[PDB]
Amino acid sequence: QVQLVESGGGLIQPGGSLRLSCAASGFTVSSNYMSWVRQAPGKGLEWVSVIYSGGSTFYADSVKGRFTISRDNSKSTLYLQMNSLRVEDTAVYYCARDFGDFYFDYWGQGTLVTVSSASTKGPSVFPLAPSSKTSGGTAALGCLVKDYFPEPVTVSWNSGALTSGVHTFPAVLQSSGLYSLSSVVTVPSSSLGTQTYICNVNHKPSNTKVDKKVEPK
């Protein structure tokens, strides 16, 4: 039973450095080929680096000179050191077990590397109030989670109780370089006076936690 968990990803500025690590169980890392494969958001997979079972290392041309793959068998850990980072290095990075430098038969879960000059900023949460006019006996309400960086945020409704009809949209990068997002949910209009609706927005890169009560105007 193989298991791989990557960690270390976060926001860095262009030129900065970052060391990703990948904990492994189910095999011996020092006698196996291992690879780093990255996926830029909304895009496809790009091979980054491979370390052979004997210790030789190879790198995509995009990253040769500034990335170094390494491993510690004592800790059963694979490492990707990254220096002189550029914006086009932004991606989820996966650690993968490599069968003879041919294909990737086991993958970790991925750790997100964001390279950007923009600075950490917590969201502002604004209500999306149900209109008196809604259509079908059901009413929509929500929270606009605007101008945060970097990804991710988590949104829940009534601290996990309300999940039916909840759509938390993918985040969008605006021109400023900050992310914006919305969470909406459909409820009975009957329940607008009776029931309370509160969204719980969490953004750990900036330690922001907002609980905003959404309610009619």
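Just count from 1 along the sequence shown to find any residue number.
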Residues of the deposited chain absent from the coordinates between residue 133 and residue 134 total 1 to 3
Quick note on 124-132 and 97-105: per-entry mean CA temperature factor is higher in 124-132
For the C-alpha atoms alone, is the average B factor greater in 47-55 or in 154-162, going by the entry?
154-162
Max C-alpha B-factor within the set 15, 9, 193, 205 falls on 193
Residue, from 113, 144, 139, 87, that the PDB entry assigns the highest Cα B-factor
139
Could you place residue 34 in the lowest, middle or highest third of its chain by Cα temperature factor, using the values in the record?
lowest
Can you tell me whether residue 77 has a C-alpha B-factor in the lowest, middle or highest third compared with the other modelled residues of the same chain?
middle
Ranked against its chain, the third holding the CA B-factor of residue 23:
middle
Considering only modelled residues of the same chain, in which third does the CA B-factor of residue 62 rank: lowest, middle or highest?
middle
Of the three thirds of Cα B-factor ranks in this chain, residue 70 occupies the lowest
